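The sequence shown: position 42 = 49 (our numbering), numbered continuously.
Written out below as structure tokens is the structure these notes cover.
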Amino acid sequence: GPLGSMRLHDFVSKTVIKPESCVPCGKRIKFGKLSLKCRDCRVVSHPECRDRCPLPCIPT
Ligand SMILES: [Zn+2]
Ligand SMILES: [Zn+2]
Numbered sequence: 008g009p010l011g012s013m014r015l016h017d018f019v020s021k022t023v024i025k026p027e028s029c030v031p032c033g034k035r036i037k038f039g040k041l042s043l044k045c046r047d048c049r050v051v052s053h054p055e056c057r058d059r060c061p062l063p064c065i066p067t
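As structure tokens, then:
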């Protein structure tokens, strides 16, 4: 089977300043903690929950 690809997120490191909820695990990302936020969509997550973020990335 040949190689097809899926749109991945473009994660940038952002410090949590507002109330945030991790998309994969549903839990809150606490103040001052590092979070991964997609440049293209609304997806935000814990650094450790990164691989479980819903695919493909659909820019918002
Ligand atoms: Zn995305
Ligand atoms: Zn999480």
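We treat Cβ as the ideally placed atom computed from N, Cα and C, and that holds for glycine.
Identity of the residue in the options nearest residue i by Cα
i: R59; options: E27, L10, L43; result: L43
i: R14; options: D47, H53, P54, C56; result: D47
CB-CB length for residue i against residue j, believed under 8 Å
i: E27; j: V51; result: 6 Å
i: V23; j: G39; result: 6 Å
i: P61; j: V30; result: 7 Å
i: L41; j: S12; result: Wrong, their Cβ atoms sit about 28 Å apart, outside the cutoff.
Those residues, in chain order, that have a beta-carbon closer than 5 Å to some heavy atom of ligand 2: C29, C32, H53, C56
- prompt: Who sits around ligand 1, taking every residue whose Cβ is closer than 6 Å to one of its heavy atoms?
  reply: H16, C45, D47, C48, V50, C64
message: Quick check for students: name the residue ranges of the alpha helix (DSSP H) that lie wholly in the region 18-57, counting only runs of 4 or more.
response: none
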